[PDB]
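> PDB, C-alpha atoms and all ligand atoms, saved as data-v4.pdb, coming up:
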MODEL        1
ATOM      1  CA  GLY A   1     -60.687 -29.690 -68.183  1.00  0.00           C
ATOM      2  CA  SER A   2     -57.654 -29.362 -70.442  1.00  0.00           C
ATOM      3  CA  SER A   3     -55.219 -26.440 -70.432  1.00  0.00           C
ATOM      4  CA  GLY A   4     -52.405 -27.937 -72.487  1.00  0.00           C
ATOM      5  CA  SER A   5     -53.382 -29.191 -75.934  1.00  0.00           C
ATOM      6  CA  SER A   6     -50.597 -31.779 -75.788  1.00  0.00           C
ATOM      7  CA  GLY A   7     -51.831 -35.358 -75.588  1.00  0.00           C
ATOM      8  CA  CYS A   8     -53.554 -38.215 -77.399  1.00  0.00           C
ATOM      9  CA  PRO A   9     -56.903 -36.665 -78.415  1.00  0.00           C
ATOM     10  CA  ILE A  10     -58.220 -40.209 -78.831  1.00  0.00           C
ATOM     11  CA  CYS A  11     -57.862 -41.660 -75.333  1.00  0.00           C
ATOM     12  CA  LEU A  12     -56.936 -38.354 -73.693  1.00  0.00           C
ATOM     13  CA  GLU A  13     -54.120 -39.791 -71.577  1.00  0.00           C
ATOM     14  CA  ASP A  14     -50.668 -38.266 -71.105  1.00  0.00           C
ATOM     15  CA  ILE A  15     -48.484 -40.197 -73.547  1.00  0.00           C
ATOM     16  CA  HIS A  16     -45.307 -41.806 -72.211  1.00  0.00           C
ATOM     17  CA  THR A  17     -42.708 -42.571 -74.882  1.00  0.00           C
ATOM     18  CA  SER A  18     -40.803 -44.671 -72.346  1.00  0.00           C
ATOM     19  CA  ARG A  19     -43.952 -46.617 -71.473  1.00  0.00           C
ATOM     20  CA  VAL A  20     -45.090 -47.110 -75.070  1.00  0.00           C
ATOM     21  CA  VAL A  21     -44.162 -45.987 -78.583  1.00  0.00           C
ATOM     22  CA  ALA A  22     -45.560 -42.651 -79.756  1.00  0.00           C
ATOM     23  CA  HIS A  23     -46.578 -41.940 -83.352  1.00  0.00           C
ATOM     24  CA  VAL A  24     -45.370 -38.469 -84.332  1.00  0.00           C
ATOM     25  CA  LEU A  25     -48.077 -37.082 -86.616  1.00  0.00           C
ATOM     26  CA  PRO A  26     -47.016 -35.078 -89.700  1.00  0.00           C
ATOM     27  CA  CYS A  27     -48.655 -32.076 -88.037  1.00  0.00           C
ATOM     28  CA  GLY A  28     -46.735 -32.106 -84.766  1.00  0.00           C
ATOM     29  CA  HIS A  29     -48.632 -34.353 -82.362  1.00  0.00           C
ATOM     30  CA  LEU A  30     -48.103 -37.658 -80.554  1.00  0.00           C
ATOM     31  CA  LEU A  31     -50.376 -40.709 -80.529  1.00  0.00           C
ATOM     32  CA  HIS A  32     -50.492 -44.334 -79.383  1.00  0.00           C
ATOM     33  CA  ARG A  33     -49.514 -47.122 -81.779  1.00  0.00           C
ATOM     34  CA  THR A  34     -52.886 -48.581 -80.795  1.00  0.00           C
ATOM     35  CA  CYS A  35     -55.004 -45.428 -80.980  1.00  0.00           C
ATOM     36  CA  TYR A  36     -53.432 -44.485 -84.313  1.00  0.00           C
ATOM     37  CA  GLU A  37     -54.888 -47.777 -85.543  1.00  0.00           C
ATOM     38  CA  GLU A  38     -58.339 -47.022 -84.133  1.00  0.00           C
ATOM     39  CA  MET A  39     -58.822 -43.501 -85.492  1.00  0.00           C
ATOM     40  CA  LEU A  40     -57.720 -44.759 -88.909  1.00  0.00           C
ATOM     41  CA  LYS A  41     -60.610 -47.232 -88.975  1.00  0.00           C
ATOM     42  CA  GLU A  42     -63.277 -44.826 -87.723  1.00  0.00           C
ATOM     43  CA  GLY A  43     -62.458 -42.195 -90.329  1.00  0.00           C
ATOM     44  CA  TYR A  44     -61.189 -39.158 -88.441  1.00  0.00           C
ATOM     45  CA  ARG A  45     -57.779 -37.487 -88.666  1.00  0.00           C
ATOM     46  CA  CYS A  46     -55.896 -35.403 -86.102  1.00  0.00           C
ATOM     47  CA  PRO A  47     -58.972 -33.838 -84.447  1.00  0.00           C
ATOM     48  CA  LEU A  48     -56.586 -31.295 -82.926  1.00  0.00           C
ATOM     49  CA  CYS A  49     -55.391 -29.612 -86.122  1.00  0.00           C
ATOM     50  CA  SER A  50     -58.610 -27.851 -87.124  1.00  0.00           C
ATOM     51  CA  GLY A  51     -59.318 -28.319 -90.819  1.00  0.00           C
ATOM     52  CA  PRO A  52     -61.957 -27.699 -93.510  1.00  0.00           C
ATOM     53  CA  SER A  53     -65.700 -28.317 -93.225  1.00  0.00           C
ATOM     54  CA  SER A  54     -65.159 -32.064 -92.854  1.00  0.00           C
ATOM     55  CA  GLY A  55     -63.503 -33.405 -89.719  1.00  0.00           C
TER
HETATM   56 ZN    ZN B   1     -54.066 -42.905 -77.134  1.00  0.00          ZN
HETATM   57 ZN    ZN B   2     -52.281 -32.297 -85.227  1.00  0.00          ZN
ENDMDL
END
Show how you would write the structure in this file as structure tokens.


Amino acid sequence: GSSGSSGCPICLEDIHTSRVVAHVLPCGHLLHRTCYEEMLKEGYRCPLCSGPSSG
């Protein structure tokens, strides 16, 4: 379950700035320097910010 839509939608693990760097998306979300590199390859953008048909 997930009540708060605040967290890396890639790995789904509470991000910890202190622990590791967080990539602030241009939409208003945080990611993991690593994850941000994975999603880019796959071909999917912020799966949280609903968009058009695609995505
Ligand atoms: Zn992540
Ligand atoms: Zn977003």

> With the PyMOL selection byres (((not hetatm)) within 9 of (chain B and resi 2)) as the selection, what would be picked from this file? Answer as a ChimeraX atom specification, please.

/A:25-30,45-50

> Restrict the calculation to all atoms listed in the file, then for each residue of chain A with any atom at most 8 Å from an atom of ligand ZN 1 (chain B) give the closest atom pair and their distance in Å to one decimal, rows by chain and rising residue number, as CSV.


residue,atom,partner,partner_atom,distance
A:8,CA,B:ZN1,ZN,4.7
A:9,CA,B:ZN1,ZN,7.0
A:10,CA,B:ZN1,ZN,5.2
A:11,CA,B:ZN1,ZN,4.4
A:12,CA,B:ZN1,ZN,6.4
A:13,CA,B:ZN1,ZN,6.4
A:15,CA,B:ZN1,ZN,7.2
A:31,CA,B:ZN1,ZN,5.5
A:32,CA,B:ZN1,ZN,4.5
A:33,CA,B:ZN1,ZN,7.8
A:34,CA,B:ZN1,ZN,6.9
A:35,CA,B:ZN1,ZN,4.7
A:36,CA,B:ZN1,ZN,7.4

> Could you tell me how far CA of residue 24 in chain A lies from CA of residue 54 in chain A, in Å and to one decimal?

22.5 Å

> Please indicate the distance in Å from CA of residue 42 in chain A to CA of residue 3 in chain A, rounded to one decimal place.

26.5 Å

> How big is the axis-aligned box, and where does its centre sit, when it encloses all atoms of range 40-46 of chain A listed in the file and has 3 Å added on every side, reported in Å to one decimal as lines of an AutoDock Vina configuration file?


center_x = -59.6
center_y = -41.3
center_z = -88.2
size_x = 13.4
size_y = 17.8
size_z = 10.2

> Report the distance between CA of residue 43 in chain A and CA of residue 55 in chain A in Å, rounded to one decimal place.

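Straight-line distance from CA of residue 43 in chain A to CA of residue 55 in chain A works out to 8.9 Å.
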
> With all atoms listed in the file as the basis for distance, which of A:53, A:37, A:44, A:4 is at the shortest distance from residue 23 in chain A?

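The shortest atom-to-atom distance to residue 23 in chain A comes from A:37.
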